[PDB]
Amino acid sequence: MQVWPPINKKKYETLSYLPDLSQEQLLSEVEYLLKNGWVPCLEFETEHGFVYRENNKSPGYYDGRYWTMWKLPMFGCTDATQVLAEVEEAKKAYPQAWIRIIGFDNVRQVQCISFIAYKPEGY
Amino acid sequence: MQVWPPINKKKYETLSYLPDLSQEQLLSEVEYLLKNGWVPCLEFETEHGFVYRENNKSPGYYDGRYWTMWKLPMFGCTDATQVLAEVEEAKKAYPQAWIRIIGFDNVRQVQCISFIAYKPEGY
Amino acid sequence: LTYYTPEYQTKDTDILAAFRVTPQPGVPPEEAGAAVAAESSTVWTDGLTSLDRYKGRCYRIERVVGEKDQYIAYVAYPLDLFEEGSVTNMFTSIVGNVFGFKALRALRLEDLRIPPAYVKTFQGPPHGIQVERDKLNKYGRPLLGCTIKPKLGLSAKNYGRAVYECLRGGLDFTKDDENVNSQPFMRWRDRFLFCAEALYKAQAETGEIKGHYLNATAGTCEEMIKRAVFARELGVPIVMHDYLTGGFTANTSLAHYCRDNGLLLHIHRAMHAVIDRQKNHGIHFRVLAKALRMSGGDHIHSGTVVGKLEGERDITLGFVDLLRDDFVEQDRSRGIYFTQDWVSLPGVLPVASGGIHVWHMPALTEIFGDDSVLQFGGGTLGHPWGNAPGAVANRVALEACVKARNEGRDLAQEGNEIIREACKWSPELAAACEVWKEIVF
Amino acid sequence: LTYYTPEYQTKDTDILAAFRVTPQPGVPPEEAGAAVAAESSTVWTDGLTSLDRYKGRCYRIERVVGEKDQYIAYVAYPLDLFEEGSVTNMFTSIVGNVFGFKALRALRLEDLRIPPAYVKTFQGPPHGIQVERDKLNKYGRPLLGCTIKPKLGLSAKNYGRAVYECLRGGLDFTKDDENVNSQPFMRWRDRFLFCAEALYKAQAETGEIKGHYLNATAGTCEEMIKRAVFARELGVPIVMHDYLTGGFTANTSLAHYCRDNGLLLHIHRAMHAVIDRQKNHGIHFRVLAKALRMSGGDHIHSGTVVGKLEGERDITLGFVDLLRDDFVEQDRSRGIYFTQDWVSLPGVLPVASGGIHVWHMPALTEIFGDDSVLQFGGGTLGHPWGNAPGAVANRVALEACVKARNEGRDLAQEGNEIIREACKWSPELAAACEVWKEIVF
Amino acid sequence: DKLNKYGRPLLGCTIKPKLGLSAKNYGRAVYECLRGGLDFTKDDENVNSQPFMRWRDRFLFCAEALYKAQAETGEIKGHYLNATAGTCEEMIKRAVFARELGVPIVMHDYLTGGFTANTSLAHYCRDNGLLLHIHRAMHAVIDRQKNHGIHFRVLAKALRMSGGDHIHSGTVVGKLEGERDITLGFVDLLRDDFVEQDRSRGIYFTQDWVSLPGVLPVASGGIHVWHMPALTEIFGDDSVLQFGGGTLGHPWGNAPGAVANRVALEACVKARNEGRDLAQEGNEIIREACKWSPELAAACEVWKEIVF
Amino acid sequence: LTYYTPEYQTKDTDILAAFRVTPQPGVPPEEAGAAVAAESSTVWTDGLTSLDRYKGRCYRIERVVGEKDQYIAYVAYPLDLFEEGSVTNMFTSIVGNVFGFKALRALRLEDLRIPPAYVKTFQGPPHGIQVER
Ligand SMILES: O=C(O)[C@@](O)(COP(=O)(O)O)[C@H](O)[C@H](O)COP(=O)(O)O
Ligand SMILES: O=C(O)[C@@](O)(COP(=O)(O)O)[C@H](O)[C@H](O)COP(=O)(O)O
Ligand SMILES: O=C(O)[C@@](O)(COP(=O)(O)O)[C@H](O)[C@H](O)COP(=O)(O)O
């Protein structure tokens with residue numbers, strides 16, 4: 001029986017409870033993404049890595065949900081290597097960043113994929 | 001006449017104004033508990049050791065009241081040594097923890113015992 | 001005869017009253033008991049309605065073997081006489097005209113048995129013992145209260161200084177005096193504000209949750225809820241009401257407001273002894289206590305056992321159990337004339353006040369046990385080094401009476417020794433009982 | 001000593017209390033009277049405030065020459081203790097804790113002198129005698145009331161039949177029983193509606209203005225005003241409240257509503273004898289009557305003098321005058337322990353109830369005079385031809401006791417003859433007192 | 001969007017027993033379960049306000065547990081506070097205080113509550129920002145017998161129109177492929193804008209929803225960790241998978257039973273994204289994920305015994 | 001067993017239900033009646049509360065002498081399950097999930113006995129026959 005640690009296990013939603021993804025794993029997720037036709041895009045954040053409620057507390061308002069867009073949505077990306085190149089760009093650009101890959105399903109106008117790609121030290 | 005120090009005397013409710021309990025004292029409390037039929041259970045906390053009101057201030061809302069359950073309620077504990085073993089587990093697991101023992105009176109569905117068992121440095 | 005029916009088999013939806021009746025000078029118990037029943041119910045064109053459906057029935061006479069002309073008459077009243085949810089109409093229908101009936105000399109109401117089909121029409125406590133402990137996070141030890149003194153006279157900034165000092169010492173509650181309402185020397189809103197400031201300071205300091213009973217009794221229903229509303233607004237946990245001068249109508253309104261807004265209600269029994277002291281006329285306190293569990297309050301003043309004989313102590317524990325328990329069996333020993341099922345109405349935590357001192361701690365921890373508030377006025381305050389260490393004094397006293405009880409020690413015997421060995425590690429507690437050392441040790 | 005100050009010169013803005021105190025077994029009057037004063041006021045850091053400014057002072061001891069240990073202690077209380085306009089806080093500060101003080105055996109509050117600077121903080125009657133007579137157009141004769149019976153049991157359509165019948169006979173008022181509130185057999189709104197129908201029918205028929213006291217007592221402040229509001233809505237002239245089970249807080253709210261909406265308030269003293277019967281412990285009724293003139297009502301139940309000795313009859317007339325008059329001088333004969341200036345607060349019309357019968361008419365017309373309501377339950381109702389002619393019975397009886405008084409005849413003597421010659425021209429009145437002819441004539 | 005949860009079914013958890021528990025206790029249960037990885041915890045369909053747990057105390061203690069969990073995890077949490085009440089007034093009163101604590105979702109039993117009342121609670125949620133979770137209590141009095149009554153897809157359609165954001169769709173666990181197809185007929189009626197007539201899955205009429213928003217479906221009862229790949233494939237990403245006995249029934253307690261259920265699902269998702277087939281590789285998927293989670297291991301120890 | 005208690009003596013503040021139950025194909029009345037009771041009430045850490053205080057009890061089985069597998073099970077429910085004045089919560093607690101229980105074939109609720117301590121929490125008719133007349 002273990003006690004699940006109350007401290008230091010902050011998650012970043014989808015797939016953040018499996019082991020940290022290998023680049024072949026990253027890649028396959030970016031490939032899936034592309035295989036369904038979803039636009040990749042990168043997002044990143046240097047200071048509020050997790051939801052907070054600074055400006056209002058009414059039902060459903062949270063601050064921290066938006067992150068900064070890293071460059072543009074990669075419209076017509078054809079190989080997932082393009083996406084991965086970008087994560088390696090942002091990490092060297094921003095080693096304090098939290099970086100995540102999102103994917104748009106323009107037609108149903110929903111965002112439909114999300115998973116983190118890089119974290120700062122001790123996260 | 002002494003002035004009761006305004007700083008550094010933060011309490012943890014029941015029995016926290018007597019001297020810190022010896023393991024024979026701890027033990028006798030866990031024995032009492034068992035002698036009345038109350039389920040022991042351990043609870044612990046690493047960061048908000050004391051009530052605060054972060055999320056609402058209406059009559060009776062306080063944050064910090066819940067702590068993390070350490071393992072499970074020890075249903076059918078028969079010797080208080082089982083409980084004490086656990087506190088020694090949690091302390092080595094968590095030396096920044098505040099650890100407390102609580103005891104349920106399932107029948108009157110009230111919690112009916114509480115007292116702290118371990119504190120972090122300089123508490 | 002029409003209102004004395006020894007024949008009678010009581011219905012489970014019937015309100016039974018045990019009235020101690022002392023007849024005149026040549027009036028048989030049988031007529032006394034039947035006049036009591038006639039007069040707390042009916043009289044005429046019962047061929048246009050039915051007398052028998054709505055009549056109160058005197059169905060039993062006992063003789064109180066001891067006194068003169070004292071009898072215990074048992075009257076049974078139809079559930080259809082009573083307006084659901086109105087203690088005001090329970091008391092107007094039972095005690096409204098019989099006590100002035102010329103053929104009796106004195107009459108006292110000793111107990112009422114409130115049937116489950118009428119208990120369910122009442123809200124009762126806005127929260128009750130279990131929730132209150134939960135809300136406040138206070139478990140395994142009586143809760144400690146403190147009286148701010150003088151009664152009248154003090155100013156709002158001053159009252160708040162008193163309150164902070166007492167609360168940071170270890171009590172969990174401080175109390176607006178039963179009659180500080182709003183007066184030329186302390187208007188309510190200023191008091192409420194300065195005490196909300198002192199109580200949050202104390203809490204921030206100790207780490208334990210604090211409360212101050214802000215007295216919302218007022219001369220109108222409107223002014224009373226206005227006060228309640230601003231305590232709601234500062235986010236403070238408990239307001240207080242004097243239910244007997246305030247009245248039953250108004251306290252059911254303040255109790256509904258507390259339920260709906262999250263505030264604990266502490267009740268003060270001011271004026272009870274105008275009603276419940278003489279042993280031959282009036283209403284016994286356990287009937288006034290029962291009417292507060294039904295009207296609604298979370299705390300109520302139960303009195304003290306300090307300096308009470310074991311016979312007294314048992315009627316006290318009879319009605320403390322009526323306040324906290326779901327089922328209380330008839331036990332004429334402690335005055336429980338009727339078994340009472342409370343069908344889960346929450347229990348009222350009892351407050352032991354007046355004359356209580358530190359060295360009385362083991363007796364009150366054993367006579368009342370964990371579900372009570374022990375209220376020191378002169379204890380906290382009367383301590384010579386001031387009231388924050390008088391609060392420490394009173395808090396270590398009690399946490400030693402608890403530790404000891406848990407270790408199996410006997411508080412009835414080891415009491416004076418318990419407190420004695422705890423004085424050794426608390427100058428606060430030492431100082432607190434220095435004269436008592438002189439008489440006792 | 002600190003609370004027994006025979007030195008004291010009372011301030012015109014002081015509330016004086018005359019408490020009859022019976023000390024224990026070895027407690028001098030001087031300590032009794034001073035404990036009474038200490039306990040209905042103060043105790044400690046009066047070097048942070050001032051004890052002397054807010055202390056109650058026992059400034060006089062009398063011995064009641066007659067009884068055992070009875071004394072009359074006179075206590076004086078500062079006007080700054082009292083919350084303006086709150087009878088609830090007057091009673092909590094005076095009668096809130098002293099009656100249970102162990103060093104006294106019994107304690108009774110006999111009178112309170114309410115200083116003009118506190119009388120002006122209270123509204124008092126929403127209308128009072130002069131306005132009520134005006135509003136209703138009823139002048140020169142006591143107003144006649146009628147009780148609808150049985151107490152409980154009857155239905156709304158039935159109650160209204162009773163009401164119409166009684167009112168068209170000549171009474172001016174009919175009364176919701178003190179405890180018909182809203183029950184399984186008659187919910188309030190149906191009652192109010194059927195009685196508004198019967199009372200307008202009666203009025204249309206007679207040509208005189210009618211009223212029915214609709215009882216707005218309820219278990220919450222809210223439900224009470226809800227009832228008041230619908231009586232306002234049917235345009236009916238009077239609602240009623242049971243001020244002592246209802247409570248002082250709630251009745252000041254119903255009295256303010258009546259003032260603001262034009263409705264007369266009739267008050268019923270249900271539960272008073274739990275408080276005011278024993279002659280050695282409690283509160284005397286003239287103190288409960290005074291607290292209703294100040295809390296507010298236009299009518300209040302004063303009792304009956306039927307079958308009362310001339311000594312009783314005089315304490316009754318002492319407090320009837322406290323209810324109707326602007327200045328009442330101290331007259332220890334009729335129990336008026338203090339002179340009372342009412343600084344123009346309106347007077348409460350008194351209601352004489354229970355046991356009243358037609359042949360008691362000349363005594364009540366002479367003992368109470370024109371400013372009163374004479375209330376027949378069993379009179380109206382108990383008449384054998386039914387209650388509209390029982391109303392005629394009671395109305396000619398009274399208009400003959402008035403005519404006669406105006407002609408100089410003496411009601412104390414000619415009473416039985418007055419009514420006798422009026423029976424000659426009213427079969428109604430004849431029938432009404434046929435057994436009384438048998439005993440008397 | 002509101003919740004920031006994308007690419008994986010949302011996980012719910014039932015607090016048990018149904019009745020019986022106290023408010024402080026319910027909140028302890030709720031915190032424990034939520035910090036483990038579920039995103040929602042559920043007021044039982046019939047905890048309204050009773051002698052053992054009056055509503056406002058429950059709402060307050062659960063608002064405390066759910067913010068604690070969220071502060072701890074970093075993910076947004078919610079607890080369906082059940083606002084069903086015996087009058088329209090008492091129902092909106094409850095809704096209003098959930099609005100007041102800033103909490104994201106209330107719940108209603110639409111069929112015992114009634115259609116009139118639920119259109120009122122749905123308008124209030126729209127106007128105040130709260131998600132509505134619906135429970136289909138009493139449906140089988142109406143929809144079970146195959147020859148008299150109203151089929152559930154007609155009761156589901158009347159909730160998309162009356163209004164709710166989540167509704168109980170049932171389970172496919174232990175359902176034959178013929179059943180599974182009528183279930184997927186009405187799940188699509190709930191989520192989709194255009195559903196063509198397909199008498200196979202019981203879609204007797206084509207339905208155009210002219211952009212009315214879709215109701216996310218909730219799969220409840222009997223669901224266990226090893227059923228994860230089937231439900232991730234039968235329902236896909238737009239659903240709430242609700243474990244009562246899953247979360248709770250785990251032997252080490254319910255925060256690791258929540259981890260148990262959360263890694264199970266994030267492995268059924270990763271695998272699907274890698275092209276693996278959940279219909280076949282299911283038992284193996286979960287099997288290789290048990291290797292790096294004692295939580296998940298412990299969670300399916302008896303299932304190892306029968307299967308592996 | 002836990003939910004089939006023929007032992008049981010019904011309390012005057014208990015809501016009794018007479019459910020006509022038709023079990024499957026190899027399910028004894030005794031299990032049917034006890035599943036009905038389990039499912040219109042409770043299940044787990046009843047060592048943190050008490051199962052026994054809040055459990056629905058199947059305290060009687062009759063056989064409807066006439067039909068196939070029809071029985072009349074009598075279930076007893078604690079007054080503490082019920083929210084005063086809410087027919088909505090009476091029906092959600094009794095008929096809310098048992099009729100779809102797979103081990104029964106059909107289930108019908110035939111009568112409910114509503115104890116006086118719950119009848120008094122309801123207003124009932126705004127006026128009723130006598131007033132209306
Ligand atoms: O309310 C109280 O707390 C009492 O008024 C008890 O009243 P009851 O008769 O109405 O129950 C108190 O005795 C004093 O104000 C404090 O006493 P002390 O200074 O000795 O501690
Ligand atoms: O309120 C009344 O009117 C009384 O209750 C007096 O009460 P108080 O003690 O409270 O003043 C009445 O006596 C009866 O109901 C009518 O008597 P009857 O039939 O003889 O005329
Ligand atoms: O609402 C639910 O969540 C159900 O009541 C499904 O109802 P429907 O028939 O109304 O859709 C649940 O099965 C149990 O309470 C949990 O099951 P478990 O412990 O097996 O996970």
# chains A, B, ... in the order shown; residues from 1 in each chain; ligands from 1
>>> residues_around(residues="segment 272-278 of chain C", least_positions_apart="6", cutoff="7 Å", atoms="only C-alpha atoms", output="number ranges by chain")
C: 284-285; D: 99-100, 274-275, 282
>>> residues_near_ligand(ligand="ligand 1", cutoff="6 Å", atoms="only C-alpha atoms and all ligand atoms", output="PyMOL selection string")
chain C and resi 269-270+301-303+353-356+376-379
>>> write_last_selection(atoms="C-alpha atoms", output="PDB file, in the first residue's frame")
ATOM      1  CA  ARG C 269     -31.555  31.560  28.767  1.00  0.00           C
ATOM      2  CA  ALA C 270     -32.051  35.039  30.232  1.00  0.00           C
ATOM      3  CA  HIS C 301     -26.924  27.503  28.604  1.00  0.00           C
ATOM      4  CA  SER C 302     -27.447  24.438  30.789  1.00  0.00           C
ATOM      5  CA  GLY C 303     -26.294  25.920  34.123  1.00  0.00           C
ATOM      6  CA  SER C 353     -21.520  28.751  32.990  1.00  0.00           C
ATOM      7  CA  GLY C 354     -21.081  30.774  36.248  1.00  0.00           C
ATOM      8  CA  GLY C 355     -18.855  29.939  39.188  1.00  0.00           C
ATOM      9  CA  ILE C 356     -16.654  27.724  37.076  1.00  0.00           C
ATOM     10  CA  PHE C 376     -15.316  30.774  32.389  1.00  0.00           C
ATOM     11  CA  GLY C 377     -16.226  34.470  33.112  1.00  0.00           C
ATOM     12  CA  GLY C 378     -14.419  35.255  36.220  1.00  0.00           C
ATOM     13  CA  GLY C 379     -11.949  32.328  35.434  1.00  0.00           C
TER      14      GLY C 379
END
>>> residues_near_ligand(ligand="ligand 3", cutoff="10 Å", atoms="only C-alpha atoms and all ligand atoms", output="PDB file with C-alpha atoms, in the first residue's frame")
ATOM      1  CA  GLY E  12     -15.642  10.725 -13.042  1.00  0.00           C
ATOM      2  CA  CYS E  13     -15.878   8.961  -9.595  1.00  0.00           C
ATOM      3  CA  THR E  14     -18.834   7.951  -7.461  1.00  0.00           C
ATOM      4  CA  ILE E  15     -18.727   8.662  -3.685  1.00  0.00           C
ATOM      5  CA  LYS E  16     -20.143   5.623  -1.715  1.00  0.00           C
ATOM      6  CA  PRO E  17     -22.311   4.664   0.226  1.00  0.00           C
ATOM      7  CA  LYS E  18     -25.330   6.326  -1.477  1.00  0.00           C
ATOM      8  CA  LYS E  42     -20.388  12.873  -8.008  1.00  0.00           C
ATOM      9  CA  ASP E  43     -23.072  13.684  -5.520  1.00  0.00           C
ATOM     10  CA  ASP E  44     -25.152  10.594  -5.535  1.00  0.00           C
ATOM     11  CA  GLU E  45     -28.340  10.941  -7.484  1.00  0.00           C
ATOM     12  CA  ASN E  46     -30.307  11.000  -4.246  1.00  0.00           C
ATOM     13  CA  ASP E 109     -32.034  14.466 -11.626  1.00  0.00           C
ATOM     14  CA  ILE E 134     -27.864  15.031 -15.583  1.00  0.00           C
ATOM     15  CA  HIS E 135     -28.913  11.711 -13.954  1.00  0.00           C
ATOM     16  CA  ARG E 136     -31.463   9.490 -15.502  1.00  0.00           C
ATOM     17  CA  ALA E 137     -32.996   8.184 -12.271  1.00  0.00           C
ATOM     18  CA  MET E 138     -36.454   6.500 -12.868  1.00  0.00           C
ATOM     19  CA  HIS E 139     -35.754   5.947 -16.699  1.00  0.00           C
ATOM     20  CA  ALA E 140     -36.207   2.171 -16.507  1.00  0.00           C
ATOM     21  CA  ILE E 167     -26.095  12.783 -19.260  1.00  0.00           C
ATOM     22  CA  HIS E 168     -25.925   9.135 -18.173  1.00  0.00           C
ATOM     23  CA  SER E 169     -25.807   6.905 -21.247  1.00  0.00           C
ATOM     24  CA  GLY E 170     -25.393   3.535 -19.483  1.00  0.00           C
ATOM     25  CA  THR E 171     -22.495   1.092 -20.056  1.00  0.00           C
ATOM     26  CA  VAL E 218     -21.419   9.413 -19.134  1.00  0.00           C
ATOM     27  CA  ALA E 219     -20.720   5.703 -19.036  1.00  0.00           C
ATOM     28  CA  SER E 220     -21.461   4.354 -15.488  1.00  0.00           C
ATOM     29  CA  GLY E 221     -21.869   1.136 -13.394  1.00  0.00           C
ATOM     30  CA  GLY E 222     -19.773  -2.005 -13.578  1.00  0.00           C
ATOM     31  CA  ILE E 223     -16.882  -0.157 -15.141  1.00  0.00           C
ATOM     32  CA  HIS E 224     -13.500  -1.391 -14.014  1.00  0.00           C
ATOM     33  CA  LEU E 241     -16.143   7.398 -17.847  1.00  0.00           C
ATOM     34  CA  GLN E 242     -17.506   7.045 -14.341  1.00  0.00           C
ATOM     35  CA  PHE E 243     -15.990   4.496 -11.882  1.00  0.00           C
ATOM     36  CA  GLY E 244     -17.912   3.970  -8.559  1.00  0.00           C
ATOM     37  CA  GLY E 245     -16.663   0.748  -7.294  1.00  0.00           C
ATOM     38  CA  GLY E 246     -13.444   1.231  -9.459  1.00  0.00           C
ATOM     39  CA  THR E 247     -12.015   4.257  -7.600  1.00  0.00           C
ATOM     40  CA  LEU E 248     -13.431   3.255  -4.318  1.00  0.00           C
ATOM     41  CA  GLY E 249     -13.118  -0.547  -4.525  1.00  0.00           C
TER      42      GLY E 249
ATOM     43  CA  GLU F  39     -30.509  -0.994  -4.686  1.00  0.00           C
ATOM     44  CA  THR F  42     -26.859   1.579   0.038  1.00  0.00           C
ATOM     45  CA  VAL F  43     -23.330  -0.152  -0.309  1.00  0.00           C
ATOM     46  CA  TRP F  44     -19.862   0.718   1.389  1.00  0.00           C
ATOM     47  CA  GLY F  96     -34.804   5.413  -9.207  1.00  0.00           C
ATOM     48  CA  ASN F  97     -32.561   2.442 -10.161  1.00  0.00           C
ATOM     49  CA  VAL F  98     -34.070  -0.974  -9.211  1.00  0.00           C
ATOM     50  CA  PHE F  99     -36.431  -1.266 -12.277  1.00  0.00           C
ATOM     51  CA  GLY F 100     -33.530  -1.702 -14.631  1.00  0.00           C
ATOM     52  CA  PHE F 101     -31.730  -4.275 -12.481  1.00  0.00           C
TER      53      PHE F 101
END
>>> residues_around(residues="residue 60 of chain E", least_positions_apart="5", cutoff="9 Å", atoms="only C-alpha atoms", output="PyMOL selection string")
(chain B and resi 60-61) or (chain E and resi 23+27+55+65+98+101)
>>> residues_around(residues="segment 188-196 of chain C", least_positions_apart="5", cutoff="8 Å", atoms="only C-alpha atoms", output="VMD selection string")
chain C and resid 155 to 157 159 to 160 163 to 164 181 to 183 212 214 227 230 to 231 234 236
>>> interface_residues(of="chain B", to="chain C", cutoff="10 Å", atoms="only C-alpha atoms", output="VMD selection string")
chain B and resid 1 to 19 25 27 to 33 35 49 to 52 56 to 62 64 to 66 102 to 103 108 to 115
>>> interface_residues(of="chain E", to="chain C", cutoff="12 Å", atoms="only C-alpha atoms", output="PyMOL selection string")
chain E and resi 22-28+50-61+64+90+93-94+97+100
>>> atom_distance(atom1="atom CA of residue 75 of chain E", atom2="atom CA of residue 263 of chain E")
15.3 Å
